[PDB]
Amino acid sequence: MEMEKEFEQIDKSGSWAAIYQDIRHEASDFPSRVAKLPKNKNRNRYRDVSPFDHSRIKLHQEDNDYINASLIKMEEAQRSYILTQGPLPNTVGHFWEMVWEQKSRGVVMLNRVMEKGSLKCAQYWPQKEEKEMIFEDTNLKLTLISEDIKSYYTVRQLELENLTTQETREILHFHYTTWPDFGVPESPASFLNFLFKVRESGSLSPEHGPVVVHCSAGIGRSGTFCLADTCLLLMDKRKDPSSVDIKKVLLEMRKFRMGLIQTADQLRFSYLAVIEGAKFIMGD
């Protein structure tokens, strides 16, 4: 592992903030005209986190097709992700319309509904089996089937029914619940174990639609997920834990959504998780 001694080299030199700035500067920049139309102002959670028009997800609704969401297509790894913001009270129906239209099998949530005294996300899934949710604007019903609460994540089977065709699908909600309010987790082990549960569920398999991933803005903790999954997969395809340049992967993902990886602590954590997750992918 080169990166393991490049990692040790960057900590010594304390220069995480420097590399992270390098990436901010090299990062690509494309139009996001649709996002900043005023008809869409209230469809965005942060005024400065916009999907690029080229990689954006379109709702199949000729009235307004906008939702703040990007398709990240990683060609060498054969892995696609949909990165999105946490739904607004007025976009919850859109969010499930998107999960329906894209044929996604799983949703990964990396935030709690309330963080730092504020609401980072609408409550967009049901809490009790018997209290189903109806989305009138998008003709969808959502039902909680089961719920498996563990120490640092919760998994939920949900049933999504299309009212106007009577088709149903089962969605897996993977909810990481212990991401620190400030900073990043002290060890990646929790995060890695959550990652592998998502993998084992099949939600990433390419017979399915792309997994929907989000946090508050869909770039910070969301990117850490995607970057770690993809780096670890490329280490497999090459079965060589050192042809993978984590900064080069990051810059390629940022062609598809701006700002992935928000802090330089997140970047360090990204390295830390890939290095550690490499143990259990090189035979173990």
## Note on the structure
Burial-style ranking of 77-90, 201-214, average other-beta-carbon count within 10 Å with highest first, yields 77-90, 201-214
### Query
With the contact rule set at Cα under 8 Å and sequence spacing of 6 or more, what percent relative contact order holds for the chain?
23
## Note on the structure
Under a Gaussian network model of the chain whose springs join Cα atoms within less than 10 Å, the largest fluctuation of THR177, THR154, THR165 belongs to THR165
### Task
Compute the Cα gyration tensor for the chain, then decide on rounded, prolate or oblate, letting a ≥ b ≥ c be the square roots of its eigenvalues: rounded whenever a/c is under 1.5, prolate when a/b is larger than b/c in the other cases, and oblate in all that remain.
prolate
### Query
Counting only residues 5 or more places away or on other chains, whose amide H sits under 5 Å from the amide H of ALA217 once H atoms are built in the peptide plane?
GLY86
### Query
With each run of n ≥ 4 DSSP H residues scored as -39500 (n - 2.57), what mean residue ellipticity at 222 nm is computed for the chain after dividing by its residue count and rounding to the nearest 500 deg cm²/dmol?
-9500 deg cm²/dmol
### Query
What number of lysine-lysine pairs in segment 101-177 show an alpha-carbon separation below 25 angstrom, given a sequence spacing of 8 or more or placement on distinct chains?
12
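Each reported figure results from applying straightforward, stated rules to the coordinates on display, with no laboratory input. Positions of Cβ are backbone-derived with ideal geometry, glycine not excepted, and every protein chain shown enters the neighbour counts.
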